[PDB]
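# sequence and experimental coordinates follow.
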Amino acid sequence: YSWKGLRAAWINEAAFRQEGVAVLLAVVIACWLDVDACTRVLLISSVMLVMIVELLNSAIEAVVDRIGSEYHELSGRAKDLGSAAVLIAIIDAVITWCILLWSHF
Amino acid sequence: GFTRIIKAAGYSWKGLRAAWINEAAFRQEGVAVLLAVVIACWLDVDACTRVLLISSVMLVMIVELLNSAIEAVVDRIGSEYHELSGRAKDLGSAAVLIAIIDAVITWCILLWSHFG
Amino acid sequence: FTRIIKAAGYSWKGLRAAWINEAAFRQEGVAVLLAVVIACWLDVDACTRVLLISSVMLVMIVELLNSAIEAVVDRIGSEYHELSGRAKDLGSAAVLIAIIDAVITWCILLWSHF
Ligand SMILES: Nc1ncnc2c1ncn2[C@@H]1O[C@H](COP(=O)(O)OP(=O)(O)CP(=O)(O)O)[C@@H](O)[C@H]1O
Ligand SMILES: CCCCCCCC/C=C\CCCCCCCC(=O)OC[C@H](O)CO
Ligand SMILES: CCCCCCCC/C=C\CCCCCCCC(=O)OC[C@H](O)CO
Ligand SMILES: CCCCCCCC/C=C\CCCCCCCC(=O)OC[C@H](O)CO
Ligand SMILES: CCCCCCCC/C=C\CCCCCCCC(=O)OC[C@H](O)CO
Ligand SMILES: CCCCCCCC/C=C\CCCCCCCC(=O)OC[C@H](O)CO
Ligand SMILES: CCCCCCCC/C=C\CCCCCCCC(=O)OC[C@H](O)CO
Ligand SMILES: [Cl-]
Ligand code: NA
Ligand code: NA
Ligand code: NA
Ligand SMILES: [Zn+2]
Ligand SMILES: [Zn+2]
């Protein structure tokens, strides 16, 4: 499952690796900045949220491919919707980091 | 290959229109969400509070999009197969509810502490 | 308002379904109750209290989405007779990251308070 899924996500999905690095960067940076606990949490969790949604998107993509590689309007709808969910998470992470850092750095 | 980043962006945007055009729940929650975001940007609150007000509400949109994706998959199954238990869609609806409840709690707790 | 009652009944049906079939959801249900009580019984500020609860609530949300994905796979698995696991693996991975995130949240916040 989880550890197995993470391994699959890392090797197979390139977007996931970039997020993994981003999580590592977020944690290191959040710990290096002189900020309060809530801020430190918000900096890390927001980026981890992107990874969570990305994994779910990858899961949906796996189901759709399993149904069929062939082209349908509901197959690509699902993948688009999943892709859209990741975007909002990223938008959320950008807004979060902006608001917090605009005050400190 | 920065070119692909644009490929992925077009996807998400296509998904957004699809959620908007096809899902009514997405249209109504989006209005409440976008309204909430605007208010959160204009309140006299600290950064952490402003972030919590926005993120809790945007999470509702994230979960809804994931719910819509799951519904799309189910509908894809339903076009080939005849019998739909509805269980997958029920769970997706449950996920959105918990997200909305969470957003209500977040806004209640935060607004009650500063303005209380 | 008619659809809202219908959408709520769906959600409630999904919540009840999750409770009976998945033991992990019952544990998370317990954890949410504990998180709220603990956050409300500690003398902490609003932002930390929101984060203590929301981090745990996120785990329940991801689990519900994961269970939905599992249900779809099973419906397909009943038709094609296929036992590939990536959809279920990835869904479980998403829940793990949510749990790890919640642990970090509780650690960082409580280490700062105490
Ligand atoms: N079976 C299918 N039927 C219809 N459209 C499909 C499809 N498979 C893919 N598409 C379309 O192509 C896009 C890319 O497919 P897919 O979602 O699998 O991308 P991907 O895994 O390469 C990138 P990412 O993981 O970042 O989302 C989808 O967003 C959708 O618009
Ligand atoms: C104001 C500055 C704030 C900076 C900090 C904000 C938080 C980090 C943002 C996103 C995490 C993930 C990064 C983007 C993930 C890759 C994008 C993607 O999915 O692209 C398609 C794929 O890469 C095909 O190659
Ligand atoms: C104060 C308010 C400031 C607000 C500022 C907000 C500006 C937009 C921010 C980030 C966009 C980053 C680029 C978009 C990310 C790539 C597209 C995407 O979502 O790709 C997912 C991909 O398919 C993988 O699954
Ligand atoms: C202590 C007093 C404090 C009071 C402050 C409370 C403010 C709640 C704020 C945001 C919730 C946002 C929820 C966004 C999603 C809900 C959408 C929804 O359910 O909409 C109803 C539907 O449209 C009908 O037809
Ligand atoms: C201050 C800024 C306020 C901004 C405006 C906020 C207005 C709405 C508030 C609460 C509505 C709560 C609604 C709760 C009903 C949920 C129904 C449900 O379970 O829906 C499942 C979902 O629709 C499946 O997609
Ligand atoms: C500060 C205010 C805090 C407010 C409190 C936080 C609310 C958390 C939300 C949902 C929990 C739902 C738990 C799952 C319930 C499922 C239904 C159930 O128990 O079903 C069993 C059934 O009886 C078998 O026959
Ligand atoms: C400070 C310790 C106080 C003692 C009591 C703590 C309980 C409060 C809940 C969560 C804490 C953070 C844990 C992070 C994950 C929470 C959800 C979780 O682990 O749920 C069970 C899981 O699904 C596997 O079955
Ligand atoms: Cl059980
Ligand atoms: Na159609
Ligand atoms: Na729907
Ligand atoms: Na299960
Ligand atoms: Zn993919
Ligand atoms: Zn995709």
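Looks like it arrived, so ask away. Numbers count the residues shown, from 1 in each chain, chains lettered A, B, ... in the order given. Ligands and ions are numbered 1, 2, ... in the order given.

# helices of chain A, start to end?
Secondary structure of chain A, counting by DSSP state H: helices at A:2-12, A:14-32, A:37-67, A:75-104.

# what's the neighbour count on the closest residue to ligand 1 within chain A?
In chain A, the residue that lies nearest ligand 1 is residue A:76 (2.3 Å; C-beta to the nearest ligand atom). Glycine gets a C-beta too; all of them are placed from N, C-alpha and C. Here the count is done by other C-beta atoms under 10 Å in any protein chain shown, and residue A:76 has 18 residues near it.

# what's the answer for the one 4 residues further on, then?
Here the neighbour count serves as a burial measure; for residue A:80 (other C-beta under 10 Å) it reads 24.

# the residue lying farthest from the centre of chain A and residue B:22, how far apart?
Relative to the average C-alpha location in chain A, and by C-alpha atoms, centre = their mean, no residue lies farther out than residue A:70, which sits at 27.3 Å. Going from residue A:70 to residue B:22 by C-beta to C-beta, to the nearest Å gives 21 Å.

# can you pull the contacts of the nearest residue to residue A:13 once chain neighbours are set aside?
With C-beta to C-beta, 6 or more residues apart in numbering or on different chains as the measure, residue A:58 is the residue that lies nearest to residue A:13, at 5.7 Å, once sequence neighbours are left out. Neighbour list for residue A:58: A:9, A:13, A:16, C:90 [criterion: C-beta atoms under 8 Å, 6 or more residues apart in numbering or on different chains].

# likewise for residue A:96?
Contacts of residue A:96 (C-beta under 8 Å, 6+ apart): A:42, A:43, A:46, B:51, B:54, B:55.

# residue A:38 now?
B:48, C:47, C:48, C:51, C:109.

# do the same with residue A:31
Contacts for residue A:31 were tallied using C-beta under 8 Å, 6+ apart; they are residue A:40.

# same question, residue A:46
A:26, A:92, A:93, A:96, A:97, B:55.

# and if we set it to 10 Å?
If a contact means C-beta atoms under 10 Å, 6 or more residues apart in numbering or on different chains, then residue A:46 has A:26, A:30, A:89-90, A:92-97, A:100, B:51, B:55, C:101 as its contacts.

# any chance of CSV for those, columns distance to ligand 6?
Formatted as CSV, the entries for these read as follows, by distance: C-beta to the nearest ligand atom, whole Å:
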residue, distance to ligand 6
A:26, 28
A:30, 27
A:89, 22
A:90, 27
A:92, 22
A:93, 25
A:94, 29
A:95, 25
A:96, 23
A:97, 28
A:100, 25
B:51, 19
B:55, 18
C:101, 18
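
# which of those tops the neighbour count?
Going by other C-beta under 10 Å, residue A:89 tops the contacts of residue A:46 with 29 neighbours.

# quick check, it in contact with residue A:45.
No - Residue A:89 is beyond contact range of residue A:45, at 11.2 Å (criterion: C-beta atoms under 10 Å).

# could I have stretch A:83-95 exported to CSV, CA atoms only?
Listed in CSV are the C-alpha atoms of stretch A:83-95, where the atom choice follows Å, rounded to 0.1, in the frame of the first residue of the first chain:
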residue,chain,number,x,y,z
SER,A,83,-5.5,17.6,-12.6
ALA,A,84,-7.6,20.6,-11.7
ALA,A,85,-7.6,19.5,-8.0
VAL,A,86,-3.8,19.5,-7.9
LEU,A,87,-3.8,23.1,-9.4
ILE,A,88,-6.0,24.5,-6.6
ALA,A,89,-3.8,22.8,-4.0
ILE,A,90,-0.7,24.5,-5.7
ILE,A,91,-2.6,27.8,-5.8
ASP,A,92,-3.4,27.4,-2.1
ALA,A,93,0.3,26.7,-1.4
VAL,A,94,1.5,29.8,-3.3
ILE,A,95,-1.1,32.0,-1.5
